[PDB]
């Protein structure tokens, strides 16, 4: 299992120790408070009122937690995933990333604390 922090201003994302392999079932729980610029902060589902202006993940709100598995496209994580299996052909290291517009991470603040484990399968 892995536990760590994902900083909102880390555009490259936070690599974890988790390698997702075919057939794996995983659980993720994410908590905490972060911002994509404003003084306000949002949880790992992000800001439901803010328009998408070029987010790295168009399937989650700005300020949400997302991930990549190997070199997949971004996949929403939000508050977490319960006993989840990846789409076919998706495998490799899990990288966690705050959802913002590329080039605009410098004014971000806060972080999410995230646990990831593999479940029985």
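Take the two forms, find the largest set of C-alpha atoms that superpose within 1.5 Å, and that set is the rigid core. Numbering follows the first chain given and starts at 1.
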property: Segment of greater CA departure in 9 other deposited structures of this protein, 82 to 90 or 53 to 61, core superposed; result: 82 to 90
property: Per the entry, higher mean C-alpha B factor between 89 to 97 and 72 to 80; result: 89 to 97
property: Lowest, middle or highest third - CA B-factor, residue 1; result: highest
property: For residue 37, the third of its chain into which the C-alpha B factor falls; result: middle
property: Record-listed C-alpha B factor of residue 63: chain third; result: lowest
property: Residue 54 by Cα B-factor - lowest, middle or highest third of the modelled chain; result: middle
